[PDB]
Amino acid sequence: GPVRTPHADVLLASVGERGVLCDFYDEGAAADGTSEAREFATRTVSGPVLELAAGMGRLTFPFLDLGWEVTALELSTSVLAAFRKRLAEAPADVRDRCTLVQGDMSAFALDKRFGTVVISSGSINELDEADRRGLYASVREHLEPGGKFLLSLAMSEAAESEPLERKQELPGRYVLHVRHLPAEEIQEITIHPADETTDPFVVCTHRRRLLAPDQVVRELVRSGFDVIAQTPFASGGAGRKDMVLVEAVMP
């Protein structure tokens, strides 16, 4: 069914149903990022912008609020429908710089090039390694000359750190430097009410892919982009910096 996490295991045992184990995407009770959008803006606008897997407009609207023309591309027709509902209930000027398009960000093709192409950490992490290559290839084909590819990328503690070195003393028949660089983790969340009474006690688990920023960056280089900047920021305006803003251009 849902993912049975270790903390959830204990809770659900302790609470005896009453408690219910759920994935974080079914029911139910269960988006604001103007600080992330702002991070994207800082790091650019000449022309129109393409947002990939724009979901429901979490960033797309903030972008439109800054006067930008946005082609928002989404795969889910249902999310697409919901986006178009929000879009319907907003000022015709706001409405008219926005273009929705169904599409697969791993293999998409528009009758249009673009000065700026943006993708949020949430989205890039939906793709495996193969599709990620598809994305890079695709994007390259949609950048006007000199245009930037801007990516936000969540940064785990392990990816934030300077990987631990281990020097050695191995003679031949030298000094050896090993590093274990992070490439990909699984972010696992568990959310439950602070009580235990409540009734019902719904326990929310989710597992998702979480790529190391440096990893994406290597992928990017390997695929013909140059990464001209990488900038840590906190997603909620202040706190620990838990995100990296990456700029890529075609050489």
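When you see a residue number, it is the position in the sequence shown, counting from 1.
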#### Entry: Unmodelled in at least a third of other entries of this protein, residue 14
yes
Is residue 197 unresolved, in the sense of carrying no coordinates, in at least a third of the other compared entries? yes
As the entry stands, the deposited residues without coordinates between residue 215 and residue 216 add up to none
Counting residues of the deposited sequence that sit between residue 173 and residue 174 but have no coordinates, the total is 4 to 9
Going by the entry, of stretches 60-68 and 206-214 the one with greater average Cα B-factor is 60-68
For 95-103 versus 121-129, entry-based mean Cα B-factors point to 95-103
From the entry's CA B-factor values, the highest among 111, 169, 141, 74 is 169
When the entry's CA B-factors for 189, 30, 52, 220 are compared, the highest one belongs to 30
Residue 177: CA temperature factor from the record, placed by chain third, in the highest
On the chain's distribution of Cα B-factors, residue 115 falls within the third called middle
So, residue 228's CA B-factor, relative to its chain, sits in which third? The lowest
For residue 156, the third of its chain by CA B-factor is the middle
Chain thirds by Cα B factor, record data; residue 81 belongs to the middle
